Amino acid sequence: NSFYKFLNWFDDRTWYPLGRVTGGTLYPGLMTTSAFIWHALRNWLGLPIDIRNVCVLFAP
Amino acid sequence: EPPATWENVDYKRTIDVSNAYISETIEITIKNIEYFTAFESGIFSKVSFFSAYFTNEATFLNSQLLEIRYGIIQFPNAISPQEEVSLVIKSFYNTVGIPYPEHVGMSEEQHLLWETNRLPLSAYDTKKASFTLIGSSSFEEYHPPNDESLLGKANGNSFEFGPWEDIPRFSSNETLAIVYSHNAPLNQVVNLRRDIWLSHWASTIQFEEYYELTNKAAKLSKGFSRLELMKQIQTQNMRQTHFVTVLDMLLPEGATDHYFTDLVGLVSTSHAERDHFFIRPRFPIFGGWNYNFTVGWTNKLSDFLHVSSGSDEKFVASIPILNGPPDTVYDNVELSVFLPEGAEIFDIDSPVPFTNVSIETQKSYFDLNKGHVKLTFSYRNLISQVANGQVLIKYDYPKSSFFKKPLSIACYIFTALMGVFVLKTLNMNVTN
Amino acid sequence: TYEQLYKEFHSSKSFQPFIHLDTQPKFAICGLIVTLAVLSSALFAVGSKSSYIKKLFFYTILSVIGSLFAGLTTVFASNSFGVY
Amino acid sequence: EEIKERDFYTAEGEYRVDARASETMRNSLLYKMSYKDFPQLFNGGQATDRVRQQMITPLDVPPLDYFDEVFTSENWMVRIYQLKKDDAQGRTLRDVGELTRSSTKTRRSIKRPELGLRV
Amino acid sequence: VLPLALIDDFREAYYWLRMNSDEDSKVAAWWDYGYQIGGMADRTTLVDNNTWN
Ligand SMILES: CCCCCCCCCCCCCC(=O)O[C@H](COC(=O)CCCCCCCCCC)COP(=O)(O)OCC[N+](C)(C)C
Ligand SMILES: CCCCCCCCCCCCCC(=O)O[C@H](COC(=O)CCCCCCCCCC)COP(=O)(O)OCC[N+](C)(C)C
Ligand SMILES: CCCCCCCCCCCCCC(=O)O[C@H](COC(=O)CCCCCCCCCC)COP(=O)(O)OCC[N+](C)(C)C
Ligand SMILES: CCCCCCCCCCCCCC(=O)O[C@H](COC(=O)CCCCCCCCCC)COP(=O)(O)OCC[N+](C)(C)C
Ligand SMILES: *[C@@H]1O[C@H](CO)[C@@H](O[C@@H]2O[C@H](CO)[C@@H](O[C@@H]3O[C@H](CO)[C@@H](O)[C@H](O)[C@@H]3O)[C@H](O)[C@H]2NC(C)=O)[C@H](O)[C@H]1NC(C)=O
C-alpha cells in the first residue's frame, strides 16, 4: 500500500493490550531504499521479482 | 416439469461405495410406448459425470443435464413402436456420508452413515425393480422399518433387495440409511490453481500447482499425544489407519526439475521414482486439519505441441488437465495457460463443460510491452481418475514476432547509450 | 468441433526447435566477449578528437552493433540459468 | 512478597530438577509443562535429561488441570498448551479433575459442612 | 535450522499455528521468540525483543 500509510502506522498485533506506535519507534531508511529498488526493478528494467529475494540479497 | 410416454420392464441399481465418491450403474430395458431420467434435488449440484451406452456397442450416446430435475438421452437413428432396447447408465456423485461416531480416537475402525431412497424414482411404470449394494465389508441398517417385505438380506460381501413386482408411476416417499465400514483418509482439495508456462525460444513447458487440501474424517476425542503415535510407528502391521502420511501424484513421462516448496519455506523430505513423486507433509493430517502447499516441474515441448501440416505458422497444443493424487475429489479447479508474447487465438475446446472462459494479459521476465497472453478457464466438481481428458488450443505465431524480443532489449540498450553521449558532451563550466 | 481438432492433432508432425538447449552456453560466452569489445571501443572514442561530426558518426555505428549483440547475449544468457 | 528465589533452591543451596527438588519447584507452572510425559517415554520407567544430566522417575511430575496439550513436535522441542475453558457450573477446575481422576475414597460422611451466610 | 542429520522441528509448530487456529488469538511466550512468532506464525503476541515497557 502507500508510503503515506507507513510513516504513521499503529499496529495492534504486538504488546497487545497496549499496541506500539511504529513511526516514532523505528529507523526508516533500510526499508525505503529497498522499496525503491523493488519499484525500479519492477517498472523500468522490466523484470519483476519478489520482495523476499530483494530482502535476502540486499547485503552482498 | 414435463414427462413423456415410455415403459420399462427391468431396473437394476448397484451403488458402489469404495472410494471418496459414490459411483453407481443402472441397467434398464425400455420397451415401446428422447428419453428422460430423473434426479432427486440436492443430488443435482453434486453430479460430476454422466454417460449412456448401448448394451453391446462401444459408442456413446450424447447426453446433458437440464423440484425433481431431469436429464436427456438422445437416440442415434429413430425409435419405432412395439420395439424394445436395453441400455446402461453410469454416474459419479460427490458425497461420502458423515462419520457416525464423530470422535473416534486413534486406532479404530470408522463407520459412515449415508441416506437415500429405497424405491426407484423414475417417472415411468416399473415392472420389476432390484437393488444391490456392493463395496465395504460390514453393512448395517439404521432405524429399520417394521414391514418384512423390504428389509435387506446379505450375502457375499454385498446386500440384496426384493424383486418388487408392481411400482406406481411416480413415488419416492420411503427412505433408508446405511452405516458401513471404511478405512482411508478420504480427503478433498478445497480449490486448486494450476498454471502452465509455454516458452517457445527454449523448448520446455513448466507446470505449477497450488493445492489447498483438507481431510474429512473423524476427529480425535482427547487432544493429540505424541508418544502414542510413536507407539503406532513402533509396532506396524496395517495400513488401515485414517490419517495421511505420504501422498504421491503421477507425472508425465520424462520430468526433469522437481521441487516441493511450501508457504513457510521449502520442505526437504521428498524423493522421486521412475514416474511418481512421493511427498510428505510437515505434520500428519488428522481430520480437521489443513495443509496448503505448492508443487512444480518441467518437461519438453516436443510431445505437447504439433505444428500444422500444410503451413509453418499454425500450431496446435493439447494440454492434460488434473494429474494429481490417485484418489481425491476436487471442488473447484481453474486452469490458466500462458501463451508466448504476441500470439493470436482461433479456437478452444475441451470435453467437459467449462463454466467460464476469459482472455487477459500478464507481464513477466524481460517483457517490455503488453505481456504474455493469458487465457484462464474454470471448472467445478470433478474427480481424479474419471475426468482426466485433454484440452485443445489452436493458435498462430508468425516469424515476425519471433524475433522481437532481442530487438526490444537492443532498443533499450541503444536508447540508454545516447543519454551518456548527450550527458557527457555538454558544457557545465562556470569559468571562462 | 472437438473432432476436427482431434483428428487435426494426430495428422501433424512434431516440433523442431531453432537452436537446441544444450548449445546456448557456448553462444553466451561467445557473445559476451564480442559485445564488451565493441561497446568498450564505442565508449572509448568519446574523448577529445575535437571533431564533432565524425565522433557522433563512429559512436552511433559502434553503439548500434554493440546493442544488437547485447540483445542476443542476454537472451541466450538467460535460458541457461533456469529462467526461460 | 509473592515470589522469592530463596525457595527454588534445595537444602544447602543447589539448583536441581531431580527427585530431591524443592517443594515449590515441583508445583510450578514451567516445570509441569516441560516434563509432562517424559518418564513414560523411555523403557523401564526411568529417563535421562541429556542436558542437566539428571534422572527422572514418574512420581516426580504431578498432573495439570487447567491446561491441555494440543501439539507437540517431533523431537519434543516445542510444546503447545491451551487454556481450558471455564467450568459451566461454578466448580473449581481442580475439584472436577480430582473427582474424575480418583474414583476411590468412597464414604458416607454424614456431617454438616462449615459454610458462611448466604448473602 | 539446527544441524550427521537435520533437526527441523522449529517450523512445524509455527505453521501448525498458522494453518489450524482462528485468526484473532493471542500467544504468550517468553520475549526472546517474539519476532519469529509474529513474523512466521502470524499471530498477536504479548511481548517481543524490543523490551520497551
Ligand atoms: C540535491 C538534492 C538531491 C535530492 C535527491 C532526491 C532523491 C529521491 C528520489 C525518490 C524517487 C521516488 C519515486 C517513487 O515515487 O517511488 C515510490 C516511492 O518510493 C519510496 O518509497 C522512496 C521515496 C521516499 C522519498 C523520501 C523523501 C525524499 C528524500 C529526498 C529529498 C515507490 O514506493 P511505493 O511503496 O511502491 O508507493 C509509494 C506511494 N505511491 C503514491 C507512489 C503509490
Ligand atoms: C547537492 C549537489 C546538487 C548540485 C546540482 C548541480 C550539479 C552540477 C554538477 C557539476 C559537475 C562537475 C563539472 C563542473 O566542474 O561544474 C562545476 C559546477 O559548479 C556548480 O556547482 C554550479 C552548479 C549550480 C548552477 C547555478 C544554478 C543554480 C542551481 C539551481 C539551485 C563548475 O566548476 P568549474 O567551472 O569546472 O571550475 C573551474 C574550471 N576548472 C577547469 C578549473 C575545473
Ligand atoms: C549479460 C547477462 C545479462 C544479465 C543476465 C540476466 C540474469 C537472469 C536472471 C533474471 C532475474 C531472475 C530472478 C528469478 O526469480 O529467478 C529465479 C531463479 O533464480 C536464479 O536462478 C537466478 C540466478 C541468476 C544468476 C545471476 C548471475 C549474476 C548476473 C549479474 C549480471 C526463478 O524464480 P521464479 O520466477 O519463481 O521461476 C519460476 C516462475 N516462472 C514464472 C518462470 C514459471
Ligand atoms: C559483475 C560480476 C558479478 C558476478 C557474480 C558472481 C556470482 C557467482 C555465483 C553465481 C551463482 C550461480 C547461478 C547458478 O545457479 O547457475 C547454475 C549453473 O549455470 C550455468 O550453467 C553456467 C552458465 C553461464 C553462462 C554465462 C553467462 C554470462 C553472463 C552473466 C553476466 C544454473 O544451472 P542449473 O542449476 O543446473 O539449472 C539447470 C537449467 N538447465 C536449463 C541447464 C537445465
Ligand atoms: C489455507 O487454505 C485454507 C482453505 O482454503 C484457506 O482458508 C480460506 O479462508 C478462510 C480462513 O482464512 C476460510 O474460512 C472462512 O472464514 C471467513 C472469515 O471471514 C468466513 O466469513 C467464511 O464463511 C469462511 O468460514 C475459508 O473457508 C477458506 N476458503 C476459501 C475462502 O475458499 C486459507 O486462507 C489458506 N491459507 C493460509 C491459512 O495461510
# chains A, B, ... in the order shown; residues from 1 in each chain; ligands from 1
>>> interface_residues(of="chain C", to="chain B", cutoff="9 Å", atoms="only C-alpha atoms", output="ChimeraX atom specification")
/C:1-2,5-6,8-21,43,46,56,59-60,63-64,66-75,79,83-84
>>> select_by_dssp(residues="segment 206-285 of chain B", states="alpha helix (DSSP H)", output="PyMOL selection string")
chain B and resi 226-234
>>> interface_residues(of="chain B", to="chain D", cutoff="10 Å", atoms="only C-alpha atoms", output="ChimeraX atom specification")
/B:222-228,230-231,282-283
>>> interface_residues(of="chain E", to="chain D", cutoff="9 Å", atoms="only C-alpha atoms", output="list in words")
residues 7, 8, 9, 10, 12, 13 and 16 of chain E
>>> write_last_selection(atoms="N, CA, C and O atoms", output="mmCIF file, in the first residue's frame")
data_model
loop_
_atom_site.group_PDB
_atom_site.id
_atom_site.type_symbol
_atom_site.label_atom_id
_atom_site.label_comp_id
_atom_site.auth_asym_id
_atom_site.auth_seq_id
_atom_site.Cartn_x
_atom_site.Cartn_y
_atom_site.Cartn_z
ATOM 1 N N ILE E 7 17.594 -31.349 12.004
ATOM 2 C CA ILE E 7 16.573 -31.203 13.037
ATOM 3 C C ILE E 7 15.744 -29.992 12.631
ATOM 4 O O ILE E 7 16.148 -28.850 12.868
ATOM 5 N N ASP E 8 14.599 -30.224 12.000
ATOM 6 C CA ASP E 8 13.699 -29.143 11.603
ATOM 7 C C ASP E 8 12.379 -29.369 12.321
ATOM 8 O O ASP E 8 11.414 -29.854 11.733
ATOM 9 N N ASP E 9 12.320 -28.947 13.576
ATOM 10 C CA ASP E 9 11.121 -29.086 14.389
ATOM 11 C C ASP E 9 10.788 -27.772 15.065
ATOM 12 O O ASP E 9 10.195 -27.756 16.140
ATOM 13 N N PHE E 10 11.193 -26.681 14.443
ATOM 14 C CA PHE E 10 11.022 -25.337 14.943
ATOM 15 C C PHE E 10 10.179 -24.519 13.990
ATOM 16 O O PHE E 10 9.852 -23.376 14.301
ATOM 17 N N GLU E 12 7.705 -26.617 12.147
ATOM 18 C CA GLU E 12 6.462 -27.372 12.191
ATOM 19 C C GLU E 12 5.427 -26.635 13.012
ATOM 20 O O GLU E 12 4.279 -26.489 12.593
ATOM 21 N N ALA E 13 5.813 -26.166 14.189
ATOM 22 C CA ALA E 13 4.852 -25.661 15.146
ATOM 23 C C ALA E 13 4.626 -24.179 15.053
ATOM 24 O O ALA E 13 3.990 -23.612 15.940
ATOM 25 N N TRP E 16 1.817 -25.091 11.989
ATOM 26 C CA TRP E 16 0.613 -25.620 12.619
ATOM 27 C C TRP E 16 -0.256 -24.486 13.102
ATOM 28 O O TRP E 16 -1.468 -24.466 12.887
#
>>> residues_around(residues="segment 5-9 of chain A", least_positions_apart="5", cutoff="12 Å", atoms="only C-alpha atoms", output="JSON, numbers by chain")
{"A": [19, 20, 21, 22, 23, 24, 25, 26, 27, 28, 29, 31, 32, 35]}
>>> atom_distance(atom1="atom CA of residue 93 of chain D", atom2="atom CA of residue 28 of chain D")
17.0 Å
>>> residues_near_ligand(ligand="ligand 2", cutoff="7 Å", atoms="only C-alpha atoms and all ligand atoms", output="CSV table (one decimal) with N, CA and C atoms, in the first residue's frame")
chain,number,residue,atom,x,y,z
B,428,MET,N,29.3,22.6,-18.7
B,428,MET,CA,28.9,22.9,-17.4
B,428,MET,C,29.9,23.8,-16.6
B,429,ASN,N,30.9,24.3,-17.2
B,429,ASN,CA,31.9,25.1,-16.5
B,429,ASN,C,31.2,26.5,-16.2
B,430,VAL,N,31.6,27.0,-15.1
B,430,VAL,CA,31.2,28.4,-14.8
B,430,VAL,C,32.2,29.4,-15.0
B,431,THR,N,33.5,29.0,-15.1
B,431,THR,CA,34.6,29.9,-15.5
B,431,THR,C,34.6,30.0,-17.0
>>> residues_near_ligand(ligand="ligand 4", cutoff="6 Å", atoms="only C-alpha atoms and all ligand atoms", output="PyMOL selection string")
chain C and resi 25+28-29+77+80-82
>>> closest_atom_pairs(of="chain B", to="ligand 5", cutoff="10 Å", atoms="only C-alpha atoms and all ligand atoms", output="Markdown table")
| residue | atom | partner | partner_atom_place_in_ligand_line | distance |
| --- | --- | --- | --- | --- |
| B:189 | CA | ligand 5 | 5 (O) | 8.3 |
| B:190 | CA | ligand 5 | 5 (O) | 5.6 |
| B:191 | CA | ligand 5 | 5 (O) | 6.7 |
| B:192 | CA | ligand 5 | 5 (O) | 9.4 |
| B:211 | CA | ligand 5 | 2 (O) | 8.4 |
| B:212 | CA | ligand 5 | 2 (O) | 4.9 |
| B:213 | CA | ligand 5 | 4 (C) | 7.0 |
| B:214 | CA | ligand 5 | 4 (C) | 7.5 |
| B:263 | CA | ligand 5 | 39 (O) | 7.6 |
| B:264 | CA | ligand 5 | 39 (O) | 9.4 |
| B:289 | CA | ligand 5 | 3 (C) | 9.9 |
| B:290 | CA | ligand 5 | 2 (O) | 6.5 |
| B:291 | CA | ligand 5 | 1 (C) | 6.4 |
| B:292 | CA | ligand 5 | 1 (C) | 5.1 |
| B:293 | CA | ligand 5 | 1 (C) | 8.6 |
| B:332 | CA | ligand 5 | 32 (O) | 9.5 |
>>> closest_residue(among="B:370, B:274, B:194, B:280", to="ligand 3", atoms="only C-alpha atoms and all ligand atoms")
B:194
>>> decode(residues="segment 11-47 of chain E", atoms="N, CA, C and O atoms", output="compact mmCIF listing (two decimals), in the first residue's frame")
# COMPACT_ATOMS: atom_id res chain seq x y z
N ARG E 11 9.85 -25.09 12.83
CA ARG E 11 8.97 -24.54 11.82
C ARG E 11 7.75 -25.40 11.59
O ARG E 11 6.85 -24.98 10.86
N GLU E 12 7.71 -26.62 12.15
CA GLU E 12 6.46 -27.37 12.19
C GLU E 12 5.43 -26.64 13.01
O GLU E 12 4.28 -26.49 12.59
N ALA E 13 5.81 -26.17 14.19
CA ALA E 13 4.85 -25.66 15.15
C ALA E 13 4.63 -24.18 15.05
O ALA E 13 3.99 -23.61 15.94
N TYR E 14 5.14 -23.53 14.03
CA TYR E 14 4.62 -22.21 13.69
C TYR E 14 3.63 -22.30 12.55
O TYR E 14 2.65 -21.56 12.52
N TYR E 15 3.84 -23.25 11.66
CA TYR E 15 2.95 -23.46 10.54
C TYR E 15 1.73 -24.28 10.93
O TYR E 15 0.70 -24.18 10.26
N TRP E 16 1.82 -25.09 11.99
CA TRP E 16 0.61 -25.62 12.62
C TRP E 16 -0.26 -24.49 13.10
O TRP E 16 -1.47 -24.47 12.89
N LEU E 17 0.36 -23.52 13.74
CA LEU E 17 -0.35 -22.45 14.39
C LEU E 17 -0.84 -21.43 13.40
O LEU E 17 -1.71 -20.62 13.73
N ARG E 18 -0.31 -21.44 12.18
CA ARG E 18 -0.86 -20.61 11.12
C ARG E 18 -2.00 -21.30 10.41
O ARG E 18 -2.99 -20.66 10.06
N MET E 19 -1.88 -22.61 10.19
CA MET E 19 -2.94 -23.32 9.49
C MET E 19 -4.16 -23.54 10.37
O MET E 19 -5.29 -23.26 9.96
N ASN E 20 -3.96 -24.01 11.59
CA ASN E 20 -5.04 -24.62 12.35
C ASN E 20 -5.43 -23.84 13.59
O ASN E 20 -5.55 -24.41 14.67
N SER E 21 -5.62 -22.53 13.46
CA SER E 21 -6.03 -21.71 14.58
C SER E 21 -6.76 -20.49 14.05
O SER E 21 -6.44 -19.98 12.98
N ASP E 22 -7.74 -20.03 14.82
CA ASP E 22 -8.55 -18.89 14.40
C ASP E 22 -7.77 -17.59 14.49
O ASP E 22 -6.91 -17.41 15.35
N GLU E 23 -8.09 -16.66 13.59
CA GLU E 23 -7.16 -15.61 13.20
C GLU E 23 -6.97 -14.51 14.23
O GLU E 23 -6.07 -13.69 14.06
N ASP E 24 -7.79 -14.45 15.26
CA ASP E 24 -7.63 -13.46 16.32
C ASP E 24 -7.44 -14.24 17.61
O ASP E 24 -8.40 -14.56 18.31
N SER E 25 -6.18 -14.56 17.92
CA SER E 25 -5.89 -15.43 19.04
C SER E 25 -4.49 -15.14 19.54
O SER E 25 -3.55 -15.08 18.75
N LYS E 26 -4.36 -15.00 20.84
CA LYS E 26 -3.16 -14.46 21.46
C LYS E 26 -2.23 -15.59 21.87
O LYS E 26 -2.68 -16.59 22.42
N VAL E 27 -0.94 -15.43 21.61
CA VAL E 27 0.07 -16.39 22.02
C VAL E 27 0.94 -15.73 23.08
O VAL E 27 1.32 -14.57 22.93
N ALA E 28 1.23 -16.45 24.15
CA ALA E 28 2.02 -15.93 25.27
C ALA E 28 3.27 -16.77 25.45
O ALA E 28 3.23 -17.81 26.10
N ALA E 29 4.38 -16.31 24.90
CA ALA E 29 5.68 -16.91 25.07
C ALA E 29 6.64 -15.90 25.66
O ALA E 29 6.33 -14.72 25.79
N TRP E 30 7.83 -16.37 26.03
CA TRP E 30 8.86 -15.52 26.60
C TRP E 30 9.45 -14.62 25.52
O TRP E 30 9.37 -14.92 24.33
N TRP E 31 10.04 -13.50 25.93
CA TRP E 31 10.26 -12.42 24.98
C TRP E 31 11.38 -12.66 23.97
O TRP E 31 11.60 -11.79 23.13
N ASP E 32 12.09 -13.79 24.01
CA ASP E 32 13.13 -14.00 23.02
C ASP E 32 12.56 -14.34 21.66
O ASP E 32 13.17 -14.01 20.63
N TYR E 33 11.41 -15.00 21.62
CA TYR E 33 10.84 -15.50 20.39
C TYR E 33 9.64 -14.68 19.95
O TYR E 33 8.71 -15.21 19.36
N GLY E 34 9.65 -13.40 20.24
CA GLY E 34 8.51 -12.58 19.90
C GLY E 34 8.46 -12.24 18.44
O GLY E 34 7.38 -12.17 17.86
N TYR E 35 9.61 -12.00 17.83
CA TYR E 35 9.63 -11.56 16.44
C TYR E 35 9.34 -12.69 15.48
O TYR E 35 8.73 -12.47 14.43
N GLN E 36 9.76 -13.91 15.81
CA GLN E 36 9.55 -15.03 14.91
C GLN E 36 8.12 -15.52 14.93
O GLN E 36 7.62 -15.97 13.90
N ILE E 37 7.45 -15.47 16.08
CA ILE E 37 6.05 -15.88 16.14
C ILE E 37 5.18 -14.90 15.38
O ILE E 37 4.28 -15.30 14.64
N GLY E 38 5.45 -13.61 15.52
CA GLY E 38 4.71 -12.64 14.75
C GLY E 38 5.04 -12.65 13.28
O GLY E 38 4.19 -12.33 12.44
N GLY E 39 6.26 -13.03 12.93
CA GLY E 39 6.66 -12.96 11.54
C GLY E 39 6.31 -14.20 10.74
O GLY E 39 5.92 -14.11 9.58
N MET E 40 6.43 -15.36 11.37
CA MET E 40 6.38 -16.63 10.66
C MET E 40 5.16 -17.47 11.00
O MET E 40 4.71 -18.24 10.16
N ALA E 41 4.59 -17.32 12.19
CA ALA E 41 3.34 -17.95 12.54
C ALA E 41 2.14 -17.03 12.41
O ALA E 41 1.02 -17.53 12.34
N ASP E 42 2.36 -15.71 12.42
CA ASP E 42 1.36 -14.68 12.13
C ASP E 42 0.20 -14.66 13.14
O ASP E 42 -0.96 -14.89 12.80
N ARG E 43 0.53 -14.36 14.40
CA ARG E 43 -0.46 -14.18 15.47
C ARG E 43 -0.03 -13.00 16.32
O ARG E 43 0.99 -12.37 16.06
N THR E 44 -0.80 -12.69 17.37
CA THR E 44 -0.66 -11.43 18.09
C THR E 44 -0.08 -11.68 19.48
O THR E 44 -0.80 -12.00 20.41
N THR E 45 1.22 -11.48 19.62
CA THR E 45 1.92 -11.84 20.84
C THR E 45 1.66 -10.82 21.95
O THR E 45 0.95 -9.83 21.77
N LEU E 46 2.23 -11.08 23.13
CA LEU E 46 2.18 -10.19 24.28
C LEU E 46 3.48 -9.46 24.57
O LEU E 46 3.44 -8.41 25.19
N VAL E 47 4.63 -10.02 24.19
CA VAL E 47 5.94 -9.39 24.36
C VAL E 47 6.76 -9.70 23.11
O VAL E 47 6.44 -10.61 22.36
